[PDB]
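Breakdown of the fold
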Amino acid sequence: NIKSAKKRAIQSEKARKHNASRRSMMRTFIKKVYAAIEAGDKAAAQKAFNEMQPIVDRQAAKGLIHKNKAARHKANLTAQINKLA
Amino acid sequence: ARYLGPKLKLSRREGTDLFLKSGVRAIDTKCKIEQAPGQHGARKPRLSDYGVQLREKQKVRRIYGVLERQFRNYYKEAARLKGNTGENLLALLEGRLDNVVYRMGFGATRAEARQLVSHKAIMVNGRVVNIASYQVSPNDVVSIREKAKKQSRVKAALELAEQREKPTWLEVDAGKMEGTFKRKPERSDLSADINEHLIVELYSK
Amino acid sequence: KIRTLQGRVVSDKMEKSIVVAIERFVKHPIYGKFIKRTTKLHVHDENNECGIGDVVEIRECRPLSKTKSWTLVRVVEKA
Amino acid sequence: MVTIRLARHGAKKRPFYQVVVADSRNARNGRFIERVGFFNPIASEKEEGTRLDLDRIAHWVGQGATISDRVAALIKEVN
RNA sequence: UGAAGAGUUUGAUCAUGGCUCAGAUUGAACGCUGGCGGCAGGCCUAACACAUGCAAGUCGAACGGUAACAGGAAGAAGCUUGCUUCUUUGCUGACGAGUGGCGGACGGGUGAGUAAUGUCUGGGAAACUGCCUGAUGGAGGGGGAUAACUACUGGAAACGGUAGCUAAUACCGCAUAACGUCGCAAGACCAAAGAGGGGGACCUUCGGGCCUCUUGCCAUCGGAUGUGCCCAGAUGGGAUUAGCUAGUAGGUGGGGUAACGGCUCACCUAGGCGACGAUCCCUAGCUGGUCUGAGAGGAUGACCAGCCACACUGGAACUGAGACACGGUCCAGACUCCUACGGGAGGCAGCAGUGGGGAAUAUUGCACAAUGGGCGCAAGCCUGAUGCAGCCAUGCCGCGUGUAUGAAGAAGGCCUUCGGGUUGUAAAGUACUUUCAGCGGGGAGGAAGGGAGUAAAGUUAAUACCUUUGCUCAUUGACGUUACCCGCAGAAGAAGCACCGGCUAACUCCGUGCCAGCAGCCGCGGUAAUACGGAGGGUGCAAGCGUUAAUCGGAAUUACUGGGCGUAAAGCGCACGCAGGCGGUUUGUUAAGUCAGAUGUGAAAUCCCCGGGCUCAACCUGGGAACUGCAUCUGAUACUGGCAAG
Ligand SMILES: [Mg+2]
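Residues and elements named next belong to chain A. Running from N to C, helix α2 (residues 43-58) and helix α3 (residues 73-84) point in directions that differ by 175 degrees, and their axes come no closer than 12 Å. In this view, α2 runs roughly antiparallel relative to α3, as classed from their interaxial angle. Where α2 abuts α3, its residues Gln-46, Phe-49, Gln-53 and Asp-57 lie against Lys-74, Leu-77, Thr-78 and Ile-81. Within the contact of α2 with α3, the residues separate by chemical class into 3 nonpolar, 3 polar and 2 charged.

Any empty space left between atoms is shown by rolling a water-sized probe over those atoms. Residues and elements named next belong to chain B. Its volume calculated, the largest cavity comes out at about 70 Å³. What lines the largest cavity is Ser-22, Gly-23, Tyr-102, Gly-105, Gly-107, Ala-108, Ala-157, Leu-160, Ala-161 and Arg-164. Of the residues assigned to the lining of the largest cavity, the class counts are 5 nonpolar, 4 polar and 1 charged. Every residue lining the second largest cavity is listed: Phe-106, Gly-107, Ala-108, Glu-112, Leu-116, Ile-144, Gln-151, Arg-153 and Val-154.

Turning our eyes to something else, we now look at the nonpolar core. All names here are of chain B. Among the nonpolar cores identified, the biggest contains 20 residues, and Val-60, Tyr-64, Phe-71, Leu-89 and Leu-93 are the most heavily contacted of them. When contributions to this core are tallied by element, the ones reaching two or more residues are α3 (68-80), α4 (85-94) and α8 (197-203). With residues up to four places along the chain from it excluded, the contact list for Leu-93 reads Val-60, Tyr-64, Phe-71 and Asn-99. Core analysis: the next-biggest nonpolar cluster, separate from the first, contains 18 residues, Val-129, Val-142, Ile-144 and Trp-169 among them.

In this section: the sheet that holds strand β2 (residues 34-39) of chain D. All names here are of chain D. In space, the 3 strands of this open sheet follow the order β1-β2-β3, with antiparallel pairing throughout. Edge positions in the sheet fall to β1 (18-21) and β3 (50-51), since each has one partner strand and no second. Relative to β3, β2 is paired through 2 bridges, and the arrangement is antiparallel. Looking across to β3, one finds that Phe-38 is bridged to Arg-51.

What follows concerns the side chain of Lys-59 of chain B. Residues and elements named next belong to chain B. Looking at where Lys-59 falls in the secondary structure, it is placed in helix α2 (residues 49-60). Exposure remark for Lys-59: the relative accessible area of 15% places this residue in the buried category. Aside from chain neighbours lying at most four places away, what touches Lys-59 is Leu-18, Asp-193 and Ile-194.

Contacts to RNA strand E come from 142 residues, most closely from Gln-11, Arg-58 and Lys-74 of chain A, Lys-9 of chain B together with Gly-64 of chain D. When the atoms of RNA strand E within 4 Å of the protein are grouped by moiety, sugar and phosphate amount to 83% of the total. Between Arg-22 of chain A and RNA strand E, the recorded distance is 2.4 Å, taken from a side-chain N or O atom to a phosphate oxygen. In this structure, a phosphate oxygen belonging to RNA strand E sits 2.6 Å away from a side-chain N or O atom of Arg-12 of chain B. The element best represented in the surface near RNA strand E is helix α1 (residues 6-39) of chain A, accounting for 11 residues. Of the residues assigned to the surface near RNA strand E, the class counts are 42 nonpolar, 41 polar and 59 charged.

What follows is about the sheet that holds strand β2 (residues 127-128) of chain B. Within the open sheet, the 3 strands sit side by side as β2-β1-β3 (chain B). Their pairing is antiparallel. The open sheet is flanked by β2 and β3 (142-144) of chain B, the only strands paired with a single partner.

For any two helices packed against each other, one specifies the inter-axial angle together with the distance between the axes. Residue and element names in this part refer to chain A. α2 packs onto α1 with a crossing angle of 155 degrees between their chain directions and a minimal axis gap of 9 Å. One element, α1, and the other, α2, form an angle in the roughly antiparallel class. At the point where α1 passes α2, the crossing takes the left-handed sense. Across from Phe-29, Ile-30, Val-33 and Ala-36 in α1, the residues of α2 making contact are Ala-45, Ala-48, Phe-49, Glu-51, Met-52 and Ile-55.

Reading the values: rules and limits
- Residues numbered from 1 in each chain as written, not as in the entry; some residues may be left out.
- Chains lettered and ligands numbered in written order.
- Part of a larger assembly, values for the part shown.
- Heavy atoms only, no water.
- Residues with missing side-chain atoms left out of burial classes, pairs and counts.
- Axes fitted to C-alpha atoms, helices over the stretch in contact; angles between N-to-C directions.
- Helix = DSSP H or I, 4+ residues; strand = E, 2+ residues; numbered from the N terminus.
- Parallel < 35°, antiparallel > 145°, perpendicular 65-115°, else oblique.
- Contact = heavy atoms within 4.5 Å.
- Nonpolar A, V, L, I, M, F, W, Y, C, P; charged D, E, K, R; others polar.
- 1 Å grid on protein atoms, 1.4 Å probe; cavity = no way out; pocket = protein on both sides within 12 Å on 5 of 7 lines; lining within 4 Å.
- Points joined across faces, edges and corners; volume = space filled by probe spheres on them.
- Core = buried A, V, L, I, M, F, W, Y, C linked by side-chain atoms within 4.5 Å.
- Buried < 20%, exposed > 50% of the residue type's maximum accessible area, 1.4 Å probe, protein only.
- Pairing = 2+ DSSP bridges.
- Near = heavy atom within 4 Å.
- Polar contact = N/O pair within 3.5 Å; in protein donor to acceptor, adjacent residues only side chain to side chain.
- Left-handed = near helix turned anticlockwise from the far one by under 90°.

Below, the structure is given as structure tokens:
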């Protein structure tokens, strides 16, 4: 309905495309780490994990998705790769 | 909101004289007391049980001029206060503004003093009061304001109630504009005919 | 330490989980009579160190499962 | 964002407020953490038309409560 | 500091019982009558459909801006030779739209849904918290574009697509790294911003660094405050609903949320709840309290206040500190609306109104002046929340509609046994006063702030600025031709309504004659009606009175305090008994039952007692007591209860 929401609502569509497109970039470096755990490898599983550790907090401090959900991925992923090899 | 048309025929209903018309020969029958309540006048009043309670509630209402909404508020106030329910009910009646202005000399009758309350004349303790139930606290002066000190009827009133009994619980200057609600009017210095049993036992249900 | 709510064991057909009833008196609120009333609440315990019919001391804890937010502390009765 | 605003429990054309240490976003007068102090603009030598117990504001300033205008009148309209 | 009953079964009576009545109260409607003022109240029914106005905007002290206004500059000029006609100038105040920031997630309105983790009380840990607050520390450098606009082209509108051009606190990199996150350690990794004010020096392309103040911006640890989550107790009817349940119940795991979690997906285990009432259908929002009752107890949840639930009907989510989002988006439909037929707009359970169903419930009100809110460096904007005014006896508490005197006990009305009586001191006539309304004139407080000046020990350039304190002027109300006080008329504008056999306070006559009619029960009317209809007189109440509807009370008539059952309704036809309820007798002992003591806590407002303020009272109000409660420590062992011994 007619208000000054179009300043806000279209911006929520601007922040729909711009934000969610960067979410798959986070999820891309989620997948290959889980692929490396599935691969049985150990050395390259250190590579993409140490690669994604800035990639996590670059979109966890200010950006998309925040508040220690990203920061607890550093725990359980590290807990698996030590149990593998 | 008061009883207007006749006045003494209501005394012919309730037996003894209620002080509505007084000071003159109408004490002894200028209206034939006990002879005509109405058309069927001097008749056989075969009384009942509920009657001898119902007459008393409309005795002391009609001696002061208080209708039924207002008189129950004096009753319900006379339960929360400490002491006898009946005696506080007579104490709360005597502290009424109109009842004080009458028997502190002023006015011929209570209905006149009520009109003298309601016509801006009386003044309680330095304060104008035109409400006929400003219920006076002890050690307070009554006073008539200056612009109605002597108009017609003030000076002829004191002499009539001076043959009446001078009551203990008030002080009064017959000279001018000075009274004192002294202390609580007890049961002894009442009119002594009113039976407080027959009102407390009426409203209790 | 809360009150160390004493209770019993009713049944154990579950995997590291028991059922505890609790004896409890009360004034009946309108008649004034003492009805012995009992409740029924699931209690977490790992060792299966209490059997069906014991007497159990219980405190609360973090809500672990569904329907069960009480850990065992110790047992004061054999079967 | 806790505030020290004033409520309104008066008659018609006869206001009589209440000194109310409450939240910002809540009601006109429907909610408070606690209540201490009162007010009246009908004093005219009735009695004290203000009585506040200033230590409790000195408590709740120490928490960090931002204070409002007509109370900020009162803290100098009392000594 | 508190407790009343009476009428009717029968020819009479003692009992048993019902039905009915006296009381108190309402969001009330209807009938009749109606003068004022204060306080509070006013779609309970279709949550059914909505004309039209309005109910969320703000910062130029983030940005390019310049389309509008206003001040100027510059030039052309009304030449009006100095008074002002225009254009360049974003030059500035200031500002429409668009980027950006925060807030629209509160305030509001409704009670349709929800018998439940929804509410209410008393406990708990496994987490976040925009703004406000405590302390410490940080706060380097770049880059990519793009609407807006420009020029163009699609559509009927709504709207659509391009290249150009510039910004940022828009965003993307990059430098930096704990008392931070991951990690046992070792290690590894992550962040950002300017903006105004003012100038002491120097410099300067004269932009500005430079100095200072204010203030944001970053990270962490606190403190509050708000919100998610858990536990136990307590919360409508129906057992002519007794079985229910597989993601169900539990455990390793991954995965998942801010957080524990069956919150989800594979795997194993086979459970879980239930007569102390599960699933089921029906009905309902819950509490503080209101009403009534002497009390217990009983019906209620409108108003003001707490907490959830819902936005035309079903869904799913985006952003965000916070929503699954009332005046935002999408998917459908449904109505509804509009169309060049291709398409677009719609949501009053916001305030004010129409349709309509209705017994019935109101104005297409005024102001930002108050107190609160939002945005802000304030000014100020905005606010159909609040502050007020009209509407309506709906209710409460006042108040007047005159008071004296006065009979010849008047004409008059009916009664009359024709002796009279009564209305009735009532009226008349003499006395007397104007409350309120009419009408006239002055006339408190709800106003503090703000803005302007001017002073101070402030901190820095010691006097710039700003922050704080005190002083000075001008001030700033919708209500409101206010409350209240004062002035003058002239008894002058101001009395209805039911009942009159019994309960139940008040009675006689005409008319009608089992017809017309009354009525709450008992009942009245078939020629003398204290009951129907009418008239005098009386009663009770009063600006209202009756009637109906609705809850408790009387009802000891669902009885725990407070009943009964041999015949008045009522002892299963009779037996052992399961779960239930209940202990002979002595000692020991524990301390759950209970008693005691405190300490928490029971939100404030109503109820209650002493006290203040409206000329009193309703009403507004200070402090107390009370909130009968639940949870904890300490104490007590007589009763009771589990263990031990007889
Ligand atoms: Mg003023």
